[PDB]
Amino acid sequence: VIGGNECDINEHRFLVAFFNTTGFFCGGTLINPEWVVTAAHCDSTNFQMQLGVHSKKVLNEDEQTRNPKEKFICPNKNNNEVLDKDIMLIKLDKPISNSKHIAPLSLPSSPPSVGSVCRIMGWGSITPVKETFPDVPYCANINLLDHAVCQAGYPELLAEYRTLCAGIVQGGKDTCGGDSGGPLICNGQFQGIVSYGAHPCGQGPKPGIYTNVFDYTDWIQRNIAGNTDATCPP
């Protein structure tokens, strides 16, 4: 995250860190005791999830480690197009119990509203060009922009992708390398998933692109209910 400050120790109890032998590579969102939502392009053959994490050097005493039991990707997804249905659902190997630094964040109950103030967070690079990864997650406030803005800034962005456009017109605040999979919180609701952006980070004409979570709530709930067959919105 660029242009932000260290997040508060108690404001991200639902933020999950994805890592493997090389370290942190993505974020995620705990939506209930056994399920985590992240970006599809964060999928790997071997990774683990750390919950209740703030500092990577001074450990919270209630940190928890979990492994992916089951992974769910849209059945109707083009595995070549990163912007196509960039969402993945993960069922934890064991349930999680609420603690000081751990608690789920429910799925959105209403669609996002343009102009709304949103908050981004992650352990991604805090520098726009060179990569500088922090030991603590950084947070920043941005705005939900008109979809036309991102459309004009990215030729690859097809209108069929169900995405959200967020940033600030003057630039300076944005997600960056390593924030992928993390949540976009608007009006206190889990409205998006960090999916795509440009480099360097923070350019006014190239805001961040986030997966529209609301559009997939049905598919998610059906997978959680046990269908695991349901298809995603086209």
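Heads up: residue numbers just count along the shown sequence, starting at 1.
On average the C-alpha atoms of 219-227 have higher B-factors than those of the other stretch, with 21-29 and 219-227 being the two compared. As the entry records it, the average C-alpha temperature factor is higher for 210-218, out of 210-218 and 11-19.
If you compare the C-alpha temperature factors of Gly153, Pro104, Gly122, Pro112 in the entry, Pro112 comes out highest. The entry assigns its greatest Cα B factor, within the set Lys173, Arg66, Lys57, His41, to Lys57. When all modelled residues of the chain are sorted by CA temperature factor, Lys71 is found within the middle third. When the modelled residues of the chain are ordered by C-alpha B-factor, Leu83 sits in the highest third. In the deposited entry, the Cα temperature factor of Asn46 places it in the highest third of its chain's modelled residues. When all modelled residues of the chain are sorted by CA temperature factor, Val1 is found within the lowest third.
In the PDB entry, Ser99 places in the middle third of its chain by CA B-factor.
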